[PDB]
4 protein chains.
Amino acid sequence: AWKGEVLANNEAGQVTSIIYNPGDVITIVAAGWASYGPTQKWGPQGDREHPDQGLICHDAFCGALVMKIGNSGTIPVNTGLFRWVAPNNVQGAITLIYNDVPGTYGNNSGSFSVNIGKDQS
Amino acid sequence: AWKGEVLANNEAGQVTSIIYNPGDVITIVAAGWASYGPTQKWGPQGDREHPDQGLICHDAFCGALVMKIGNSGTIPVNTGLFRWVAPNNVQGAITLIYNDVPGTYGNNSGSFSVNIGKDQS
Amino acid sequence: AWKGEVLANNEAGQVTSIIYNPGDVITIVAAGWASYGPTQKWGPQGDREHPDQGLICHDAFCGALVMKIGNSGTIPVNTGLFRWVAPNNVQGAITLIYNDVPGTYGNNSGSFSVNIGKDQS
Amino acid sequence: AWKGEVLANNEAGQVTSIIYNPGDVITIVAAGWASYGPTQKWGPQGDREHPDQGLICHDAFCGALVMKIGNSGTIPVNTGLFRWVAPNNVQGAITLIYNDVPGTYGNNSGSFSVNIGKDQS
Ligand SMILES: O[C@H]1[C@@H](O)[C@@H]([C@H]2CO2)O[C@@H](Oc2ccccc2)[C@@H]1O
Ligand SMILES: O[C@H]1[C@@H](O)[C@@H]([C@H]2CO2)O[C@@H](Oc2ccccc2)[C@@H]1O
Ligand SMILES: O[C@H]1[C@@H](O)[C@@H]([C@H]2CO2)O[C@@H](Oc2ccccc2)[C@@H]1O
Ligand SMILES: O[C@H]1[C@@H](O)[C@@H]([C@H]2CO2)O[C@@H](Oc2ccccc2)[C@@H]1O
Ligand SMILES: [Ca+2]
Ligand SMILES: [Ca+2]
Ligand SMILES: [Ca+2]
Ligand SMILES: [Ca+2]
């Protein structure tokens, strides 16, 4: 299991200790407050009012929590995933990432606190 | 396990199929968008800027997800609870409720989608 | 979860800390060596060659591990149970018992080491 | 999770669907009756009275259930393993095998029924 912070200004993402393997079932719960620039902060689903101007993940709002498994494309996490199984052939370390436009992370602030565990399978 | 929706305008709350028993460990993940009145919506942590004017749960923000276990007082859920154990003396069906002031639910909108499961113990 | 020893000479059984509730899934693993009288010992499935002379559980061999859940009749445990759900309407404290004839426990010897856990549900 | 039978006369062992990965926690429960030649049968702990004449696993009795993880050496399973973690560096497919002397499996009979699952981690 893994517990840590995912900083909004971390463009590279936060590598976790979870290595997602075929057949694994995982649960993620994310909390906290972060911003992509403005003074306001949003929770792990991000800002539903802000248009997508080239986000790393088009399947979640600006300022949402997303992830990559190994070198997968970005997958939404938002507030978390409950007893979740990955698509076939997706495997590897989970990196958690704040959803913003590449090269625009420098004015971000805050972080999300995240727990990830493997479930029975 | 249980999965279902909790409407923001449902003052009485949504009953689940989860019966919390002594020693049980549970995980909850909540998602979605709701409002206590304004045209904006907030996630399951609610609106951190809005004063408490008599909320059903003083330990979470206005517009947060909270719960009762049996006849307990309100307990915060927010985006969820990871491998969580209830206080001593708490037992019974879990009811999920949007955090607002009694009698003021009629102008609320939206809902949260919630999963609850019992973990290993 | 519970871990402990179940003595072969204990007629009343070893009352565990596990309270089986409706919907619970449990796993039991039992090990060790015990006897109902003879100098030879057998594992948790008992002695397959010994006739049933009035055993507390007719559904397992003499010297097997069995249980009662609450006020239930005896249920075989043998080497254990994997992600097991009880029959409808069976619930309460799990008592583990060595399978022998009532009144004949005084010449028994040995014990089984048992783990019981609740699984996800 | 995996469920299947391990025949006592199967010198090559029974390959399972479980790929043990670093960090995984597993539970195994084994049941049934088998023999390494004699007319008696023994449970998954084997025959505690028969000396080791060159068994594939020197850490378990003759007629016990054992396993290999990947190309590891044999590891005892007996009646099962409860929320068990492998030694560092051991990984790969779990193969279950009856403990007997190489080249002497042809007179064996019976089998063990085994369940393996991954636990929370
Ligand atoms: O760093 C910038 C970068 O994160 C950009 C990407 C997310 O769309 O959004 C800007 O913020 C804006 C706020 C309101 C209107 C337009 C842009 C941020 O300042
Ligand atoms: O239904 C009302 C009730 O939910 C109230 C309680 C939660 O604090 O909030 C009002 O909304 C306001 C919005 C801005 C300023 C003041 C009140 C809502 O209109
Ligand atoms: O305490 C007695 C009681 O446990 C009995 C019940 C289980 O069948 O088995 C006897 O042992 C025997 C040994 C040899 C032949 C017959 C009985 C035991 O001596
Ligand atoms: O196939 C032979 C082989 O499985 C051997 C290995 C296990 O020690 O045991 C023999 O059975 C014996 C039984 C009693 C005494 C000696 C050998 C078996 O007949
Ligand atoms: Ca930014
Ligand atoms: Ca309202
Ligand atoms: Ca006896
Ligand atoms: Ca043999």
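Residues numbered from 1 in each chain as written, not as in the entry; some residues may be left out. Chains lettered and ligands numbered in written order. Heavy atoms only, no water.

Chemist: Describe the relation of the copies chain C and chain D, listing the residues and the values that go with them.
Modeler: At an RMSD of 0.2 Å, chain C and chain D line up after a rotation of 177° and a shift of 0.2 Å along the axis. What the rotation and shift describe, once combined, is the action of a two-fold rotation axis. The residues that chain C uses at the interface reappear at the interface of chain D in 100% of cases, marking a shared surface. (Least-squares fit on C-alpha atoms. Contact = heavy atoms within 4.5 Å.)

Chemist: Mind laying out the coordination of the calcium ion (ligand 7), listing which residues take part and the relevant values?
Modeler: Reference values for angles at a metal are 109.5 degrees in the four-donor tetrahedral case and 90 or 180 degrees in the six-donor octahedral case. Taken together, C:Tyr36 (O), C:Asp100 (OD), C:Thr104 (O), C:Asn107 (OD1) and C:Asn108 (OD1) make up the full set of protein donors to the calcium ion (ligand 7), lying 2.3 to 2.5 Å away. As a motif over one chain, the donors of the calcium ion (ligand 7) read Y-x63-D-x3-T-x2-N-N. (Donors = N, O, S within 2.8 Å, 3.2 Å for Na, K, Ca; no water.)

Chemist: Give a detailed account of the packing of aromatic side chains, specifying residues and quantitative values.
Modeler: By the definition in use, this model includes 16 aromatic pairs over all chains. Here the aromatic rings of A:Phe61 and B:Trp33 are separated by 5.9 Å at their centres, their planes lie at 75°, and the arrangement is edge-to-face. Pair noted here: A:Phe61 is in the loop between β3 (26–35) and β4 (65–69) and B:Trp33 is in strand β3 (residues 26–35), and the two residues belong to different chains. By relative accessible area, A:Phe61 is classed as partly exposed at 34%. (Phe/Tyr/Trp six-rings, centres within 6.5 Å; stacked < 30°, edge-to-face > 60°. Helix = DSSP H or I, 4+ residues; strand = E, 2+ residues; numbered from the N terminus. Buried < 20%, exposed > 50% of the residue type's maximum accessible area, 1.4 Å probe, protein only.)

Chemist: Lay out the relation of the copies chain B and chain A with the relevant residues and their values.
Modeler: The two chain copies are connected by a rotation around an axis plus a translation along it. In the superposition of chain B on chain A (RMSD 0.2 Å, axial shift 0.0 Å), the rotation amounts to 176°. A shared binding surface is used by both copies, with 93% of the interface residues of chain B retained as interface residues in chain A.

Chemist: I'd like a description of the site of ligand 2, backed by residues and values.
Modeler: All names here are of chain B. Ligand 2 sits among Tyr36, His50, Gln53, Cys62, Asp100, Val101, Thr104 and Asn107. The separation between an oxygen atom of ligand 2 and a polar side-chain atom of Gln53 is 3.3 Å. Interatomic distance of 2.6 Å between a side-chain N/O atom of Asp100 and an oxygen atom of ligand 2. Contact with the protein chains hides 64% of the accessible area of ligand 2, taken as 430 Å² for the molecule alone. Among the residues forming the shell around ligand 2, the class breakdown is three nonpolar, four polar and one charged. (Near = heavy atom within 4 Å. Polar contact = N/O pair within 3.5 Å; in protein donor to acceptor, adjacent residues only side chain to side chain. Areas by Shrake-Rupley, 256 points an atom, 1.4 Å probe, with all protein chains shown as cover. Nonpolar A, V, L, I, M, F, W, Y, C, P; charged D, E, K, R; others polar.)

Chemist: Residue-level account of the pairing of strand β6 (residues 80–84) of chain A, with values.
Modeler: All names here are of chain A. Extensive coverage of β6 is indicated by the burial of four of its five residues. Inspection of the sheet shows β3 paired to β6 by three bridges, in the antiparallel sense. Bridge pairing in β6 places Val29 opposite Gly80. (Pairing = 2+ DSSP bridges.)

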